[PDB]
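Asks: So I've got this file, run-v2.cif, and it contains mmCIF, C-alpha atoms and all ligand atoms:
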```
data_final
loop_
_atom_site.group_PDB
_atom_site.id
_atom_site.type_symbol
_atom_site.label_atom_id
_atom_site.label_comp_id
_atom_site.auth_asym_id
_atom_site.auth_seq_id
_atom_site.Cartn_x
_atom_site.Cartn_y
_atom_site.Cartn_z
ATOM 1 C CA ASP V 2 11.899 5.422 3.104
ATOM 2 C CA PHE V 3 13.946 3.769 5.851
ATOM 3 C CA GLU V 4 14.706 5.442 9.161
ATOM 4 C CA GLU V 5 18.294 6.587 9.438
ATOM 5 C CA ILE V 6 20.466 4.004 11.228
ATOM 6 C CA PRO V 7 23.312 5.086 13.544
ATOM 7 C CA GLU V 8 26.406 6.192 11.593
ATOM 8 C CA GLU V 9 28.637 3.840 13.637
ATOM 9 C CA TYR V 10 27.231 1.039 11.450
ATOM 10 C CA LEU V 11 27.885 2.836 8.126
ATOM 11 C CA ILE O 1 4.710 -11.906 1.488
ATOM 12 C CA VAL O 2 1.373 -11.952 -0.414
ATOM 13 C CA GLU O 3 -1.841 -12.892 1.503
ATOM 14 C CA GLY O 4 0.019 -13.324 4.795
ATOM 15 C CA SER O 5 -0.544 -11.622 8.146
ATOM 16 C CA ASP O 6 1.472 -9.473 10.562
ATOM 17 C CA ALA O 7 4.005 -11.465 12.588
ATOM 18 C CA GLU O 8 3.622 -11.503 16.396
ATOM 19 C CA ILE O 9 6.578 -10.109 18.368
ATOM 20 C CA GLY O 10 9.471 -12.618 18.783
ATOM 21 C CA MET O 11 7.696 -15.122 16.501
ATOM 22 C CA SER O 12 10.624 -15.399 14.118
ATOM 23 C CA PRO O 13 13.662 -14.465 16.221
ATOM 24 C CA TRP O 14 16.055 -15.902 13.600
ATOM 25 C CA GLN O 15 14.736 -13.583 10.904
ATOM 26 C CA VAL O 16 17.489 -11.407 9.515
ATOM 27 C CA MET O 17 17.198 -8.447 7.147
ATOM 28 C CA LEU O 18 19.918 -7.909 4.521
ATOM 29 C CA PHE O 19 20.276 -4.154 4.249
ATOM 30 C CA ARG O 20 22.231 -2.090 1.713
ATOM 31 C CA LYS O 21 24.404 0.685 3.133
ATOM 32 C CA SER O 22 24.180 3.111 0.179
ATOM 33 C CA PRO O 23 21.412 3.565 -0.862
ATOM 34 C CA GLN O 24 19.845 2.485 2.437
ATOM 35 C CA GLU O 25 17.443 -0.287 1.426
ATOM 36 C CA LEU O 26 16.195 -3.819 2.036
ATOM 37 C CA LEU O 27 18.022 -6.269 -0.199
ATOM 38 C CA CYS O 28 16.657 -9.635 1.000
ATOM 39 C CA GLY O 29 15.873 -11.772 4.053
ATOM 40 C CA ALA O 30 18.214 -14.196 5.732
ATOM 41 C CA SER O 31 18.317 -16.313 8.862
ATOM 42 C CA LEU O 32 20.563 -16.610 11.951
ATOM 43 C CA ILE O 33 21.848 -20.211 12.374
ATOM 44 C CA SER O 34 24.381 -19.450 15.205
ATOM 45 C CA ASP O 35 25.850 -16.348 16.884
ATOM 46 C CA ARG O 36 28.209 -15.650 13.921
ATOM 47 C CA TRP O 37 26.578 -17.235 10.834
ATOM 48 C CA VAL O 38 23.697 -15.952 8.733
ATOM 49 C CA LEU O 39 22.180 -18.038 5.899
ATOM 50 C CA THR O 40 20.697 -16.499 2.768
ATOM 51 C CA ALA O 41 20.090 -17.127 -0.932
ATOM 52 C CA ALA O 42 23.036 -16.828 -3.320
ATOM 53 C CA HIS O 43 21.061 -14.689 -5.752
ATOM 54 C CA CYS O 44 20.673 -12.036 -3.020
ATOM 55 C CA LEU O 45 24.454 -11.517 -3.355
ATOM 56 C CA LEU O 46 25.330 -12.664 -6.897
ATOM 57 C CA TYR O 47 23.176 -12.458 -9.994
ATOM 58 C CA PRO O 48 25.288 -11.312 -13.014
ATOM 59 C CA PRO O 49 22.435 -10.832 -15.533
ATOM 60 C CA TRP O 50 21.109 -7.953 -13.352
ATOM 61 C CA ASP O 51 24.608 -6.678 -12.562
ATOM 62 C CA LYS O 52 24.269 -7.838 -8.930
ATOM 63 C CA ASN O 53 27.487 -8.654 -7.089
ATOM 64 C CA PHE O 54 27.743 -7.473 -3.488
ATOM 65 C CA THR O 55 30.936 -7.684 -1.455
ATOM 66 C CA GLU O 56 31.062 -7.658 2.379
ATOM 67 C CA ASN O 57 31.410 -3.912 2.707
ATOM 68 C CA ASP O 58 28.320 -3.096 0.621
ATOM 69 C CA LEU O 59 26.124 -4.836 3.199
ATOM 70 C CA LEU O 60 24.883 -4.866 6.784
ATOM 71 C CA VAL O 61 22.717 -7.446 8.575
ATOM 72 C CA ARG O 62 19.870 -6.344 10.920
ATOM 73 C CA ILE O 63 18.720 -8.926 13.506
ATOM 74 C CA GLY O 64 15.788 -8.679 15.996
ATOM 75 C CA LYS O 65 13.589 -6.557 13.752
ATOM 76 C CA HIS O 66 9.820 -6.390 13.417
ATOM 77 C CA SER O 67 9.139 -3.021 11.800
ATOM 78 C CA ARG O 68 10.428 -2.852 8.208
ATOM 79 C CA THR O 69 11.611 0.765 8.158
ATOM 80 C CA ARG O 70 12.049 1.760 11.830
ATOM 81 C CA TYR O 71 15.408 1.761 13.551
ATOM 82 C CA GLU O 72 14.297 -0.340 16.485
ATOM 83 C CA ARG O 73 16.334 1.142 19.295
ATOM 84 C CA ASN O 74 17.314 -1.293 22.076
ATOM 85 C CA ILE O 75 15.633 -4.194 20.141
ATOM 86 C CA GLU O 76 17.592 -4.794 16.891
ATOM 87 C CA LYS O 77 21.326 -5.364 16.447
ATOM 88 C CA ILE O 78 22.989 -4.278 13.199
ATOM 89 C CA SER O 79 26.076 -6.338 12.236
ATOM 90 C CA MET O 80 28.834 -5.927 9.629
ATOM 91 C CA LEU O 81 29.951 -8.880 7.503
ATOM 92 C CA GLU O 82 33.416 -10.423 7.828
ATOM 93 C CA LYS O 83 33.173 -12.765 4.844
ATOM 94 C CA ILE O 84 30.619 -13.998 2.283
ATOM 95 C CA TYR O 85 30.621 -17.562 0.889
ATOM 96 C CA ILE O 86 28.529 -18.451 -2.170
ATOM 97 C CA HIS O 87 28.015 -22.098 -3.092
ATOM 98 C CA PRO O 88 30.673 -22.896 -5.741
ATOM 99 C CA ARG O 89 28.122 -24.752 -7.904
ATOM 100 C CA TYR O 90 25.313 -22.182 -7.578
ATOM 101 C CA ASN O 91 23.684 -22.104 -11.058
ATOM 102 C CA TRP O 92 22.675 -18.524 -11.887
ATOM 103 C CA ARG O 93 22.835 -19.234 -15.645
ATOM 104 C CA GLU O 94 20.073 -21.796 -15.756
ATOM 105 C CA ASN O 95 17.668 -22.530 -12.854
ATOM 106 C CA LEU O 96 19.126 -21.182 -9.551
ATOM 107 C CA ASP O 97 20.238 -24.669 -8.564
ATOM 108 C CA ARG O 98 21.994 -24.426 -5.166
ATOM 109 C CA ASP O 99 20.699 -20.968 -4.295
ATOM 110 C CA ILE O 100 22.473 -20.777 -0.936
ATOM 111 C CA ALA O 101 25.135 -18.550 0.685
ATOM 112 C CA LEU O 102 26.602 -18.025 4.147
ATOM 113 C CA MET O 103 27.656 -14.711 5.710
ATOM 114 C CA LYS O 104 30.010 -14.612 8.695
ATOM 115 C CA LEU O 105 29.533 -11.606 10.983
ATOM 116 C CA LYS O 106 32.493 -9.614 12.306
ATOM 117 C CA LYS O 107 31.473 -10.181 15.981
ATOM 118 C CA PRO O 108 28.986 -12.436 17.814
ATOM 119 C CA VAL O 109 25.463 -10.972 18.049
ATOM 120 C CA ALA O 110 23.968 -11.270 21.538
ATOM 121 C CA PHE O 111 20.814 -13.350 21.837
ATOM 122 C CA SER O 112 17.709 -11.790 23.367
ATOM 123 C CA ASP O 113 13.925 -12.256 23.369
ATOM 124 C CA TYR O 114 14.021 -10.943 19.751
ATOM 125 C CA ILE O 115 17.216 -12.621 18.518
ATOM 126 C CA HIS O 116 17.635 -16.452 18.548
ATOM 127 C CA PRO O 117 19.003 -18.996 16.040
ATOM 128 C CA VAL O 118 16.943 -21.559 14.099
ATOM 129 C CA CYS O 119 17.878 -25.218 13.825
ATOM 130 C CA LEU O 120 19.172 -26.873 10.665
ATOM 131 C CA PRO O 121 17.699 -30.276 9.936
ATOM 132 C CA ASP O 122 19.368 -33.663 10.020
ATOM 133 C CA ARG O 123 18.564 -36.472 7.551
ATOM 134 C CA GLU O 124 15.811 -37.903 9.757
ATOM 135 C CA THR O 125 14.120 -34.537 10.357
ATOM 136 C CA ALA O 126 14.131 -33.865 6.588
ATOM 137 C CA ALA O 127 12.961 -37.348 5.673
ATOM 138 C CA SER O 128 10.176 -37.072 8.243
ATOM 139 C CA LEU O 129 8.898 -33.508 7.656
ATOM 140 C CA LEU O 130 9.563 -32.755 3.949
ATOM 141 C CA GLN O 131 6.383 -34.391 2.705
ATOM 142 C CA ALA O 132 3.751 -33.132 0.254
ATOM 143 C CA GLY O 133 0.871 -31.557 2.208
ATOM 144 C CA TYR O 134 2.950 -30.845 5.347
ATOM 145 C CA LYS O 135 2.928 -27.048 5.967
ATOM 146 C CA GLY O 136 5.916 -24.819 6.711
ATOM 147 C CA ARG O 137 6.179 -21.074 7.342
ATOM 148 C CA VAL O 138 7.613 -18.229 5.291
ATOM 149 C CA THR O 139 8.430 -14.825 6.737
ATOM 150 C CA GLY O 140 9.583 -11.539 5.204
ATOM 151 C CA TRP O 141 9.334 -7.782 4.626
ATOM 152 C CA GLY O 142 8.907 -8.112 0.861
ATOM 153 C CA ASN O 143 6.103 -6.819 -1.342
ATOM 154 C CA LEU O 144 2.516 -7.339 -0.279
ATOM 155 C CA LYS O 145 1.491 -7.669 -4.001
ATOM 156 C CA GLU O 146 3.162 -8.605 -7.339
ATOM 157 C CA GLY O 155 2.364 -2.409 -1.521
ATOM 158 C CA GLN O 156 4.903 -2.753 1.287
ATOM 159 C CA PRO O 157 4.428 -3.941 4.891
ATOM 160 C CA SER O 158 4.830 -1.905 8.054
ATOM 161 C CA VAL O 159 5.826 -5.004 10.035
ATOM 162 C CA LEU O 160 7.310 -8.468 9.417
ATOM 163 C CA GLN O 161 4.775 -10.678 7.569
ATOM 164 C CA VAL O 162 4.036 -14.428 7.909
ATOM 165 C CA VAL O 163 2.272 -17.144 5.872
ATOM 166 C CA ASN O 164 1.971 -20.913 6.295
ATOM 167 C CA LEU O 165 1.964 -22.913 3.066
ATOM 168 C CA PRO O 166 1.870 -26.619 2.179
ATOM 169 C CA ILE O 167 4.749 -28.457 0.483
ATOM 170 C CA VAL O 168 3.604 -29.523 -3.010
ATOM 171 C CA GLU O 169 4.150 -32.883 -4.805
ATOM 172 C CA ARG O 170 7.296 -33.058 -7.018
ATOM 173 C CA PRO O 171 5.411 -33.642 -10.340
ATOM 174 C CA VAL O 172 2.975 -30.766 -9.721
ATOM 175 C CA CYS O 173 5.935 -28.422 -9.069
ATOM 176 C CA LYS O 174 7.621 -29.468 -12.355
ATOM 177 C CA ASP O 175 4.347 -29.310 -14.323
ATOM 178 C CA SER O 176 3.848 -25.681 -13.167
ATOM 179 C CA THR O 177 6.923 -24.311 -14.895
ATOM 180 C CA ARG O 178 9.210 -24.565 -17.892
ATOM 181 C CA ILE O 179 12.255 -24.150 -15.640
ATOM 182 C CA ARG O 180 14.222 -27.339 -14.988
ATOM 183 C CA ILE O 181 13.700 -28.359 -11.337
ATOM 184 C CA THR O 182 16.498 -30.133 -9.411
ATOM 185 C CA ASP O 183 16.513 -32.232 -6.218
ATOM 186 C CA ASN O 184 18.063 -29.184 -4.426
ATOM 187 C CA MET O 185 14.652 -27.379 -4.657
ATOM 188 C CA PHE O 186 11.092 -27.933 -3.480
ATOM 189 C CA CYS O 187 8.022 -25.820 -4.103
ATOM 190 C CA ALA O 188 5.217 -24.898 -1.711
ATOM 191 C CA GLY O 189 1.874 -23.203 -2.131
ATOM 192 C CA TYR O 190 -1.834 -23.809 -2.353
ATOM 193 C CA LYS O 191 -3.384 -25.139 -5.554
ATOM 194 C CA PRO O 192 -6.210 -23.213 -7.248
ATOM 195 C CA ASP O 193 -8.698 -25.825 -6.036
ATOM 196 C CA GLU O 194 -7.445 -25.475 -2.438
ATOM 197 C CA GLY O 195 -9.075 -22.035 -2.044
ATOM 198 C CA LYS O 196 -6.479 -20.504 0.303
ATOM 199 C CA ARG O 197 -3.578 -18.415 -1.063
ATOM 200 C CA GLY O 198 -0.223 -16.866 -0.189
ATOM 201 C CA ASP O 199 3.359 -16.651 -1.450
ATOM 202 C CA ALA O 200 6.810 -15.147 -0.965
ATOM 203 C CA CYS O 201 7.243 -12.031 -3.094
ATOM 204 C CA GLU O 202 9.982 -9.508 -4.067
ATOM 205 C CA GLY O 203 12.221 -8.714 -1.055
ATOM 206 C CA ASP O 204 11.414 -12.021 0.716
ATOM 207 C CA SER O 205 14.155 -14.019 -1.044
ATOM 208 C CA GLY O 206 16.903 -15.367 1.213
ATOM 209 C CA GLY O 207 14.425 -15.695 4.073
ATOM 210 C CA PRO O 208 13.569 -18.936 5.878
ATOM 211 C CA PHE O 209 10.929 -21.597 5.141
ATOM 212 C CA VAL O 210 10.727 -23.237 8.579
ATOM 213 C CA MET O 211 8.818 -26.119 10.144
ATOM 214 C CA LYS O 212 8.178 -26.983 13.824
ATOM 215 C CA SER O 213 9.052 -30.584 14.599
ATOM 216 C CA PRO O 214 6.173 -32.388 16.379
ATOM 217 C CA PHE O 215 8.853 -34.622 17.922
ATOM 218 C CA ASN O 216 11.053 -32.127 19.836
ATOM 219 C CA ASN O 217 9.080 -28.850 19.462
ATOM 220 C CA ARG O 218 12.015 -27.104 17.707
ATOM 221 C CA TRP O 219 11.839 -24.878 14.628
ATOM 222 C CA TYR O 220 14.005 -26.143 11.763
ATOM 223 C CA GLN O 221 14.902 -24.306 8.573
ATOM 224 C CA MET O 222 13.805 -26.635 5.756
ATOM 225 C CA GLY O 223 13.991 -24.155 2.839
ATOM 226 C CA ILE O 224 15.364 -20.809 1.684
ATOM 227 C CA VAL O 225 13.067 -18.575 -0.360
ATOM 228 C CA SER O 226 14.575 -18.935 -3.847
ATOM 229 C CA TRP O 227 12.369 -18.020 -6.790
ATOM 230 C CA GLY O 228 8.980 -17.878 -8.432
ATOM 231 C CA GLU O 229 7.276 -16.657 -11.583
ATOM 232 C CA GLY O 230 5.120 -13.803 -10.275
ATOM 233 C CA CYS O 231 3.748 -13.805 -6.706
ATOM 234 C CA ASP O 232 0.659 -15.757 -5.628
ATOM 235 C CA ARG O 233 -0.377 -16.668 -9.178
ATOM 236 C CA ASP O 234 -2.913 -19.479 -9.599
ATOM 237 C CA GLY O 235 -1.236 -22.642 -10.860
ATOM 238 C CA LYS O 236 2.241 -21.443 -9.831
ATOM 239 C CA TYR O 237 4.321 -22.141 -6.735
ATOM 240 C CA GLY O 238 7.236 -20.702 -4.799
ATOM 241 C CA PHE O 239 10.532 -22.526 -5.050
ATOM 242 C CA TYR O 240 12.855 -22.954 -2.070
ATOM 243 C CA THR O 241 16.445 -24.120 -1.648
ATOM 244 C CA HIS O 242 16.470 -27.585 -0.042
ATOM 245 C CA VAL O 243 18.595 -26.911 3.007
ATOM 246 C CA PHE O 244 19.346 -30.467 4.104
ATOM 247 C CA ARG O 245 20.556 -31.540 0.648
ATOM 248 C CA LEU O 246 23.174 -28.749 0.943
ATOM 249 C CA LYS O 247 24.063 -29.245 4.617
ATOM 250 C CA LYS O 248 27.520 -30.776 3.989
ATOM 251 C CA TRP O 249 28.511 -27.657 2.098
ATOM 252 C CA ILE O 250 27.199 -25.665 5.063
ATOM 253 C CA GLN O 251 29.064 -27.782 7.689
ATOM 254 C CA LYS O 252 32.215 -27.612 5.516
ATOM 255 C CA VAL O 253 32.172 -23.812 5.275
ATOM 256 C CA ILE O 254 31.508 -23.391 8.999
ATOM 257 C CA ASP O 255 34.053 -26.043 10.080
ATOM 258 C CA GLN O 256 36.812 -24.693 7.775
ATOM 259 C CA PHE O 257 36.364 -20.950 8.365
ATOM 260 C CA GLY O 258 34.423 -20.604 11.652
ATOM 261 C CA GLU O 259 35.701 -20.812 15.237
ATOM 262 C CA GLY T 5 22.957 -28.595 15.872
ATOM 263 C CA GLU T 6 23.226 -25.743 18.399
ATOM 264 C CA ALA T 7 22.053 -26.736 21.868
ATOM 265 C CA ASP T 8 19.171 -24.291 22.293
ATOM 266 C CA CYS T 9 18.344 -23.863 18.602
ATOM 267 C CA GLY T 10 14.843 -23.270 17.319
ATOM 268 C CA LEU T 11 13.260 -22.625 20.737
ATOM 269 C CA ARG T 12 11.912 -19.079 20.866
ATOM 270 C CA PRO T 13 12.311 -17.055 24.088
ATOM 271 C CA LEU T 14 8.774 -15.588 23.878
ATOM 272 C CA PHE T 15 7.045 -18.836 22.903
ATOM 273 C CA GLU T 16 8.600 -22.282 23.383
ATOM 274 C CA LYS T 17 10.731 -21.049 26.292
ATOM 275 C CA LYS T 18 7.625 -19.825 28.243
ATOM 276 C CA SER T 19 5.315 -22.431 26.713
ATOM 277 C CA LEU T 20 3.202 -19.943 24.772
ATOM 278 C CA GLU T 21 1.698 -20.835 21.326
ATOM 279 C CA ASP T 22 1.670 -18.333 18.450
ATOM 280 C CA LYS T 23 -1.511 -17.650 16.456
ATOM 281 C CA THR T 24 -0.944 -20.141 13.610
ATOM 282 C CA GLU T 25 1.581 -22.867 14.562
ATOM 283 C CA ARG T 26 -1.325 -25.237 15.253
ATOM 284 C CA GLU T 27 -2.092 -25.081 11.494
ATOM 285 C CA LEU T 28 1.383 -26.511 10.893
ATOM 286 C CA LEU T 29 0.911 -29.273 13.466
ATOM 287 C CA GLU T 30 -2.516 -30.182 12.059
ATOM 288 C CA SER T 31 -0.811 -30.603 8.623
ATOM 289 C CA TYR T 32 1.649 -33.265 9.897
ATOM 290 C CA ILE T 33 -0.611 -36.280 9.352
HETATM 291 N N1 LIG H 301 11.902 -12.477 -6.339
HETATM 292 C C1 LIG H 301 12.659 -12.860 -7.538
HETATM 293 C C2 LIG H 301 13.714 -13.880 -7.139
HETATM 294 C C3 LIG H 301 14.924 -13.894 -8.041
HETATM 295 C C4 LIG H 301 15.575 -12.714 -8.393
HETATM 296 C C5 LIG H 301 16.671 -12.750 -9.232
HETATM 297 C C6 LIG H 301 17.161 -13.949 -9.691
HETATM 298 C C7 LIG H 301 16.527 -15.124 -9.328
HETATM 299 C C8 LIG H 301 15.418 -15.104 -8.498
HETATM 300 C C9 LIG H 301 11.664 -13.516 -8.472
HETATM 301 O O1 LIG H 301 11.212 -14.773 -7.956
HETATM 302 C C10 LIG H 301 12.366 -13.806 -9.791
HETATM 303 N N2 LIG H 301 11.307 -14.169 -10.732
HETATM 304 S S1 LIG H 301 11.722 -14.538 -12.275
HETATM 305 O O2 LIG H 301 12.366 -13.346 -12.708
HETATM 306 O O3 LIG H 301 10.545 -15.090 -12.860
HETATM 307 C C11 LIG H 301 12.870 -15.886 -12.313
HETATM 308 C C12 LIG H 301 12.378 -17.169 -12.003
HETATM 309 C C13 LIG H 301 13.170 -18.293 -11.996
HETATM 310 C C14 LIG H 301 14.534 -18.151 -12.320
HETATM 311 C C15 LIG H 301 15.379 -19.268 -12.347
HETATM 312 C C16 LIG H 301 16.698 -19.089 -12.670
HETATM 313 C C17 LIG H 301 17.216 -17.831 -12.980
HETATM 314 C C18 LIG H 301 16.411 -16.728 -12.966
HETATM 315 C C19 LIG H 301 15.055 -16.844 -12.636
HETATM 316 C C20 LIG H 301 14.198 -15.706 -12.628
HETATM 317 NA NA NA H 302 0.336 -19.975 -6.336
#
```
How does this structure look as structure tokens?
Replies:
Amino acid sequence: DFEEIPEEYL
Amino acid sequence: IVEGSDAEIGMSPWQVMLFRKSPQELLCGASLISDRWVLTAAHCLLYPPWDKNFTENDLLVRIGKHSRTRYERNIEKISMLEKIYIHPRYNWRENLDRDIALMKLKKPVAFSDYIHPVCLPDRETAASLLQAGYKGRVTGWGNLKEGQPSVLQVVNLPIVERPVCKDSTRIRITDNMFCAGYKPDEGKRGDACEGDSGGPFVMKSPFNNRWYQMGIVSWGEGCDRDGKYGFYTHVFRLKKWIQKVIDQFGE
Amino acid sequence: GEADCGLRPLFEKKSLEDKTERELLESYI
């Protein structure tokens, strides 16, 4: 449901 | 927020979203009180009866947001947590007494038109503004009904008399809580709802024109029910614990 | 309290009012 956030944050 | 409206842009620049890494989802709201400290509700992090117990690495904070679900390129800043502190006398067994927690971010977030800290009150600000009938403001991306908002939502709600709060519920109310909301007679409506917890109840001082965080969205029994009110952590009553945490562990 | 706390860049800082803050002020009798 949420837009994918940059993977640098994950 | 139930019966609120869309926020304007940069209207709540201290609003923080607590966001779960995996699955990717909104956990709660929160507020920015300085460039490295975010304030939220303890139950957003720890609530054992629902098997809730997040550590730092489960969580991210997202600051500068307006859209709920969009990744707001060049506007928002996503931050990792260094350490979480939950009030040592937070009462999750009984009544959510002392529903407060601090999160320290790994690096300073840069302020912008969309990112700016809220004030914490002093004794005089609290004594002056925390009065039955005086209105504050609640913001969040939580449910629109007891479905979900495209953008940050806002509602202004009056502080309610201590007896009325207590007479609305079977839960034991402490001096570390206040309730706010319209009465059934009052005609108007509105409430925090699921997903709004941790977020700020703020007031604008008529004395220095500054926004102060008077409450933290804590709990209710349903959302926007007639004869029922939203309960908020009383921020000033817990300010020494706040100052202590920040002074001991901050830089 | 932080020096510049609680003053919003797109409102207080430019002396703009938001749509409903007057409701708050009117409540502070
Ligand atoms: N949005 C939630 C907030 C919440 C979640 C989990 C734990 C506490 C609070 C609802 O307001 C919860 N509503 S509730 O389930 O009726 C409730 C209300 C008061 C409570 C007081 C102490 C402990 C649990 C509570 C649950
Ligand atoms: Na109500």
Asks: From the options O:219, O:47, O:71, O:240, which residue's atoms come nearest to residue 4 of chain V, counting only C-alpha atoms?
Replies: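 Among O:219, O:47, O:71, O:240, it is O:71 that comes nearest to residue 4 of chain V.
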Asks: Within 12 Å of (24.8, -25.3, 22.8), in the coordinates the file gives, what residues turn up when you count all atoms listed in the file, written out as a ChimeraX atom specification?
Replies: /O:33-35,117,119 /T:5-10
Asks: Could you tell me which residues the PyMOL selection byres (((not hetatm)) within 6 of (chain H and resi 301)) returns for this structure, as number ranges by chain?
Replies: O: 43, 92, 94-96, 201-202, 205, 227-229
Asks: Neighbourhood query: residues within 12 Å of (27.7, 3.7, 14.1), file coordinates, counting only C-alpha atoms; return as a compact mmCIF listing (two decimals) with C-alpha atoms, keeping the file's coordinate frame.
Replies:
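Contents of part-v1.txt, as written:
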```txt
# COMPACT_ATOMS: atom_id res chain seq x y z
CA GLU V 5 18.29 6.59 9.44
CA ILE V 6 20.47 4.00 11.23
CA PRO V 7 23.31 5.09 13.54
CA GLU V 8 26.41 6.19 11.59
CA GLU V 9 28.64 3.84 13.64
CA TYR V 10 27.23 1.04 11.45
CA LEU V 11 27.88 2.84 8.13
CA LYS O 21 24.40 0.68 3.13
CA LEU O 60 24.88 -4.87 6.78
CA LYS O 77 21.33 -5.36 16.45
CA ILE O 78 22.99 -4.28 13.20
CA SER O 79 26.08 -6.34 12.24
CA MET O 80 28.83 -5.93 9.63
```
Asks: For chain V, which residue out of O:23, O:29, O:88, O:4 is the nearest one, using all atoms listed in the file?
Replies: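 For chain V, the nearest of the given residues is O:23.
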Asks: What does the list of residues within 12 Å of ligand NA 302 (chain H) look like if you count all atoms listed in the file, written as a ChimeraX atom specification?
Replies: /O:2-3,146,165-168,172-173,176-177,187-201,228-239
Asks: Between atom CA of residue 9 of chain O and atom CA of residue 115 of chain O, what is the spacing in Å?
Replies: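 We find that atom CA of residue 115 of chain O and atom CA of residue 9 of chain O lie 10.9 Å from each other.
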Asks: Please indicate the distance in Å from atom CA of residue 138 of chain O to atom CA of residue 204 of chain O, rounded to one decimal place.
Replies: 8.6 Å
Asks: Could you tell me which residues the PyMOL selection byres ((chain O) within 8 of (chain T)) grabs in this file, written as number ranges by chain?
Replies: O: 8, 10-13, 34, 112-114, 116-120, 129, 133-136, 164, 211-212, 214, 217-220
Asks: Would you please work out which residue, of O:215, O:57, O:15, O:245, is nearest to chain V when using only C-alpha atoms?
Replies: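 Counting only C-alpha atoms, the residue closest to chain V is O:57.
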Asks: What gap, in Å, lies between atom CA of residue 110 of chain O and atom CA of residue 255 of chain O?
Replies: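 If I compute the distance from atom CA of residue 110 of chain O to atom CA of residue 255 of chain O, I get 21.2 Å.
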Asks: Report as a ChimeraX atom specification all protein, DNA and RNA residues lying within 12 Å of residue 242 of chain O, evaluated on only C-alpha atoms, omitting residues in the same chain fewer than 5 positions from it.
Replies: /O:41,96-100,120-121,123,126-127,130,167,181-188,208-210,221-226,247
Asks: Using all atoms listed in the file, pick whichever of O:20, O:107, O:70, O:137 has the shortest atom-to-atom distance to chain V.
Replies: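 Distance minimum relative to chain V lands on O:70.
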Asks: Kindly list the centre and edge lengths in Å, rounded to one decimal, for the axis-aligned box that covers all listed atoms of segment 162-168 of chain O plus 8 Å on each of its six sides, as AutoDock Vina command-line options.
Replies:
```
--center_x 3.3 --center_y -22.0 --center_z 2.4 --size_x 18.9 --size_y 31.1 --size_z 26.9
```
Asks: Given the file shown, enumerate the residues that the PyMOL selection byres (((chain V and resi 2) around 9) and not hetatm) captures and present them as an MDAnalysis selection string.
Replies: (chainID V and resid 3:4) or (chainID O and resid 24:25 69)
Asks: Nearest to chain V: which of O:48, O:36, O:81, O:14 is it, counting all atoms listed in the file?
Replies: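 Going through O:48, O:36, O:81, O:14 one by one, the smallest distance to chain V is for O:81.
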